[PDB]
Protein chains: 2
Amino acid sequence: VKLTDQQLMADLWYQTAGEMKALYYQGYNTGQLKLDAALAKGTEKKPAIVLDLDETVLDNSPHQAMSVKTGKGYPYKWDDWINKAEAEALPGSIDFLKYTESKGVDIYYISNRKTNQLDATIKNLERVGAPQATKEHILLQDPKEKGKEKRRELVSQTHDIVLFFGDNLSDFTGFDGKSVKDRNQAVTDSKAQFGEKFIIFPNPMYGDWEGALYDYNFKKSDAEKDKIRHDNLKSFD
Amino acid sequence: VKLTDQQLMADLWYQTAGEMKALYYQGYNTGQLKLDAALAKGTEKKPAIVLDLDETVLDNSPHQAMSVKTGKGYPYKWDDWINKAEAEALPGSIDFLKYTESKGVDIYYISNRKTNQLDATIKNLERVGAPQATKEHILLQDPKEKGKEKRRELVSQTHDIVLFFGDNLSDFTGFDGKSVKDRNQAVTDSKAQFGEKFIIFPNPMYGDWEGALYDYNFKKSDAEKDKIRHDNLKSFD
Ligand SMILES: [Mg+2]
Ligand SMILES: [Mg+2]
């Protein structure tokens with residue numbers, strides 16, 4: 001079984017579809033409207049926004065396409081890709097970030113890139129013209145650190161975080177390590193937050209949605225993942 | 001050779017990912033905000049909204065999952081699926097539509113379901129509780145006519161259409177029959193509209209994004225389609 005072939009359409013959409021680009025504009029347009037509203041309401045502490053990087057601000061889809069062509073899934077040559085520091089900015093992202101900066105609002109890029117990839121991440125953020133591309137504002141994941149809540153909470157000590165941007169539910173608080181059924185119910189329960197506080201972007205290529213299917217154990221064979229993937233489809237009879 | 005296998009991850013995300021559900025909530029949450037805003041400012045003609053049905057209001061992903069499991073591509077069992085009239089509503093859609101009706105706004109379901117599928121479509125819409133599920137409000141595709149602009153224009157003769165909802169760029173005005181290059185540039189050109197007048201939903205399973213890759217000629221071989229799909233991915237060096 002060529003597992004990587006199973007991602008082809010998802011990758012192709014993400015890389016070529018105008019619809020995908022439109023969804024990125026819709027997210028950043030909505031985020032800017034809500035930033036303005038949050039600034040007009042006012043804050044107790046200095047305002048901040050928090051964004052994920054991969055598939056939120058930086059487009060890593062060329063690595064996923066490399067996996068389709070080679071048949072070798074992530075993280076094969078992921079560090080090689082990160083070190084190249086040539087990911088393009090996703091649609092609307094840079095204009096929104098520059099607008100946020102112009103308003104005096106602090107930005108924190110909270111990303112599960114590893115702390116030892118900081119320098120390459122700064123390089124990529126500089127290449128695309130992302131504001132505040134510094135160690136102070138780029139909060140990467142420690143070895144053995146689970147999730148992003150520690151970094152979210154550190155930011156909240158000194159800022160009021162008015163918006164979160166991400167492609168993965170775990171880019172928002174309260175979606176860590178849940179089963180498919182439980183994370184899906186949590187979405188329903190927090191339905192009012194989406195497009196309000198939590199700004200979501202489309203990523204059918206990879207993420208916690210896939211990891212949840214494997215009980216977050218990625219040490220599964222290609223055949224085992226293939227079976228789980230097939231078993232979790234809901235087919236019409 | 002097995003083109004349906006390449007849809008698996010796209011279908012699995014659409015069916016299982018809480019992120020997909022969040023994007024639908026974000027879309028409809030934004031729709032309600034923009035509807036209220038438009039009504040508050042007033043209109044010339046009676047207000048309307050236009051929605052697409054498939055992958056906008058109604059979830060047909062069980063048919064797509066079936067294609068993957070059986071390995072049998074479109075049109076296998078599509079009309080049978082339509083006639084079963086058992087698609088679930090997409091997240092946030094029905095509450096939004098009930099709200100819209102209650103504000104005195106007319107809803108028009110402009111959908112490329114065939115005119116002989118009108119009875120089944122009414123049945124499915126009644127089942128999920130969509131309002132205004134009648135021939136006067138469900139505007140299906142005439143086999144002589146391509147695209148939806150004629151139906152959009154007709155509605156616009158008596159109403160001021162304040163919002164459009166879809167998963168396909170051709171559910172909005174200005175995206176008919178364009179190359180990938182041209183349709184993607186048109187998104188850029190119309191970037192301000194998304195989340196404002198055009199409310200977009202994520203569908204990595206199928207659409208004009210795929211048709212455009214084939215220069216809208218689906219009578220290509222699977223070999224040709226497979227080469228086209230592979231050739232349009234962008235990998236890194
Ligand atoms: Mg991400
Ligand atoms: Mg549709």
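Calculation notes
- Here the numbering of residues is sequential along each chain, from 1 in written sequence order, and it may depart from the entry's numbering. Residues without coordinates do not appear.
- Going through the entries in the order they are written, you letter the chains from A and number the ligands from 1.
- Side-chain measures were taken over the full set of non-hydrogen atoms in the model, leaving aside hydrogen atoms and water.
- Residues with missing side-chain atoms are left out of burial classes, side-chain pairs and their counts.
- Numbering of helices and strands starts at the N terminus; helices are DSSP runs of H or I of at least 4 residues and strands are runs of E of at least 2.
- To sort residues, take the accessible area from a 1.4 Å probe on protein chains only and compare it with the maximum for the residue type: under 20% means buried, over 50% means exposed, and anything in between is partly exposed.
- Counted charges follow a simple rule, with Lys and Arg positive, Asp and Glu negative, and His plus the chain ends left uncounted.
- The rule for a salt bridge is simple: a side-chain nitrogen of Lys or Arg has to be within 4 Å of a carboxyl oxygen of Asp or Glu.
- Should any heavy atoms of two residues lie within 4.5 Å, those residues are counted as being in contact.
- UniProt positions are given in the numbering used here, feature names are shortened, and annotations may be inferred rather than shown by experiment.
- Cavity means a closed set of points on a 1 Å grid over the protein atoms alone, one where a 1.4 Å probe fits but cannot get out, pocket means an open set with protein on both sides within 12 Å along at least 5 of 7 lines, and lining means a residue has an atom within 4 Å of a point.
- Water is not among the atoms examined, so metal sites may look incomplete; donors are the N, O and S atoms within 2.8 Å of the metal, or within 3.2 Å for Na, K and Ca.
- Helix span, as expected, comes to 1.5 Å for every residue beyond the first.
- Axes here refer to lines fitted to C-alpha atoms; in helices the fit is confined to the stretch in contact. Angles between the N-to-C directions go from 0 to 180 degrees.
- Here the angle decides the label: under 35 degrees means roughly parallel, over 145 means roughly antiparallel, 65 to 115 means roughly perpendicular, and every other value means oblique.
- A clockwise turn of the near helix away from the far one marks a right-handed crossing, whereas an anticlockwise turn of less than a right angle marks a left-handed crossing.
- Amino acid classes used here: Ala, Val, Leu, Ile, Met, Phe, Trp, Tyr, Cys and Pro are nonpolar; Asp, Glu, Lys and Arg are charged; the rest, including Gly, are polar.

Listed as the method for this PDB entry is X-ray crystallography; the listed resolution is 2.000 Å.

Per the PDB entry, chain A carries the name acid phosphatase and comes from Bacillus anthracis.

Draft legend 1. Broad picture of the side chain of B:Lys225. All names here are of chain B. Position of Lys 225 relative to the elements: it lies in helix α10 (residues 222-231). The buried charged residue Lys 225 lacks any salt bridge partner; its closest oppositely charged side chain belongs to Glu 210, at an N-O distance of 5.2 Å. Discounting chain neighbours no more than four positions away, the residues touching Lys 225 are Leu 3, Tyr 214, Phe 218 and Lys 220.

Draft legend 2. Spatial organisation of the UniProt feature "binding site: Mg(2+)" (unreviewed entry) in chain A. Residues and elements named next belong to chain A. On the UniProt side, "binding site: Mg(2+)" (unreviewed entry) is annotated at positions that read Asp 52, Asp 54, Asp 167 and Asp 171 here. The greatest C-alpha distance among the annotated residues, which extend across 120 residues, is 10.8 Å, indicating that they converge on a single site. Taken from the residues named earlier, the lining of the second largest pocket is made up of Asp 52, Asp 54, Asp 167 and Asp 171. Inspection of the secondary structure puts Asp 167 in the loop between β6 (159-166) and α8 (180-189).

Draft legend 3. Spotlight on the coordination of the magnesium ion (ligand 2). Residue and element names in this part refer to chain B. Note on the magnesium ion (ligand 2): its protein donors are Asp 52 (OD), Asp 54 (O) and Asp 167 (OD). The metal-donor distances range over 2.1 Å. Spacing between the donor residues of the magnesium ion (ligand 2) along their common chain follows D-x1-D-x112-D. Of this pair, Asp 54 sits in the loop between β1 (46-51) and β2 (58-59) while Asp 167 sits in the loop between β6 (159-166) and α8 (180-189), and the two are 113 residues apart along the sequence. Take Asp 54 and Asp 167: they sit in the same class, and that class is buried.

Draft legend 4. Region of interest: the coordination of the magnesium ion (ligand 1). Here the magnesium ion (ligand 1) is held by A:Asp52 (OD), A:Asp54 (O) and A:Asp167 (OD), and the distances to it run 2.0 to 2.1 Å. Site description for the magnesium ion (ligand 1): donor spacing in sequence, D-x1-D-x112-D.

Draft legend 5. Up close: helix α2 (residues 18-41) of chain A. An ideal rise of 1.5 Å per residue puts 34 Å on 24 residues; α2(A) measures up with 35 Å between its terminal C-alpha atoms. Just past α2(A), the residue A:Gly42 takes up positive phi, approximately 100°.

Draft legend 6. Quick look at the pattern of salt bridges. Inspection of every chain in the model, using the stated rule, returns 21 salt bridges over all chains. Where B:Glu149 meets B:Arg152, a salt bridge forms, and the shortest distance between an N and an O atom there is 2.8 Å. One end of the pair is B:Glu149 and the other is B:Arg152, both in helix α7 (residues 149-158) and three residues apart, which spans about a single turn. Put simply, B:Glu210 and B:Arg229 hold a salt bridge, and the shortest N to O gap is 2.9 Å. Taken together, the residues span a long stretch of sequence, with B:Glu210 in helix α9 (residues 208-213) and B:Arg229 in helix α10 at a distance of 19 residues. For B:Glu210, a relative accessible area of 8% puts it in the buried group. Linked through salt bridges whose partners overlap, the residues forming this network are A:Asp52, A:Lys148 and A:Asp171.

Draft legend 7. Layout of the packing of α8(A) against helix α2 (residues 18-41) of chain B. Close contact between α8(A) and α2(B) brings their axes to 9 Å; oriented N to C, the two are set at 15°. In this view, α8(A) runs roughly parallel relative to α2(B), as classed from their interaxial angle. In the packing of α8(A) onto α2(B), the handedness of the crossing is right-handed. Across the interface between the two elements, A:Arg183, A:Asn184, A:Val187 and A:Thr188 of α8(A) pack against B:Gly18, B:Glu19, B:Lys21, B:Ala22 and B:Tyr25 of α2(B). Classifying every residue of the contact of α8(A) with α2(B) by side-chain character gives three nonpolar, three polar and three charged.

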